[PDB]
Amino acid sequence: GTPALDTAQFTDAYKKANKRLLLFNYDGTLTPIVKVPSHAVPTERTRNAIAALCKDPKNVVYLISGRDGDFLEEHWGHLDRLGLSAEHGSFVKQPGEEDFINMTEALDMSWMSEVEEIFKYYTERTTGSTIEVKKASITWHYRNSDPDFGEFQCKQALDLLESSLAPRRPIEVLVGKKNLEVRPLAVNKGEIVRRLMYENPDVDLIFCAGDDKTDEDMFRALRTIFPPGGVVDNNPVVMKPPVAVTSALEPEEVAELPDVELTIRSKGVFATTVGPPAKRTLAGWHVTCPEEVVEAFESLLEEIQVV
């Protein structure tokens, strides 16, 4: 379990920080889980909060989501300083650019047809189920199927994917909130976080929030930068160039990339899961609802206006 996010302690750290890495999951984190995937549109207050955070040059703000780049662009593309990571770190659109860096170019993607065929099979035989073919991942939804037959069908599809496909393909099979998803094995939200840390060695405050099991990759990455027993004394925390950085480059470029000394210390990392106190997680904190994640920064933002 975890203590509830100490917004007081976080507020003061936020004010003292020179460079802040702010990482937000989307679904279930910045916006509630709802019936229909395309209906998960950010509220006015939510859009305003993230905007203000991007307005600050001290902040480096990213969304890290399993969503497709199109959906993310549609609702967030209007914020010039907001970075976007789509489909579990298979794509990355920095605040500067306008196009997504394909993190999967060097990966074997021949598995997509096989997975699509399987999900089509179950979509046709599971009323209310839907399929979401994305650019580097595929999601099968059953949230609007019959409660019982949906889970049953889910277990059968899962068993088929795990028994006959996973063991021979570079994929990971994700059990999401009333969905199944298949992604490339070599990418995850954790690698994106590490890429971002490598890019910004001057970060002295990290916030990261997520509601799903896939977000635990982020929480783990935010821990394993430090030695298993915590940093000892005033030792330098050094970080090698991560896979999410090197795989995009050419071997000549990669050979030139140096190790970096990170400014961040564990006390500066606020890893927050969305869920109940009892939820077992690698995050250091929790908040019960996505709405409280937003309100935390709304209250914080208002306080910044004063002084």
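Throughout, we count residues from 1 along the sequence that is shown.
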query	finding
Residue stretch of maximal mean CA temperature factor, 46-54 vs 269-277	46-54
2-10 set against 298-306, stretch whose average Cα temperature factor tops the other in the entry	298-306
Which of 184, 176, 96, 210 ranks first by CA B-factor in the deposited coordinates	96
Highest recorded Cα temperature factor - choice among 214, 139, 90, 129	90
CA B-factor ranking of residue 31, expressed as a third of its chain	lowest
Residue 146, C-alpha B-factor rank within chain (lowest, middle or highest third)	lowest
Where the record places residue 219 (Cα B-factor, split into thirds across the chain)	lowest
For residue 246, the third of its chain into which the C-alpha B factor falls	highest
Residue 282 - Cα temperature factor, lowest/middle/highest third of chain	lowest
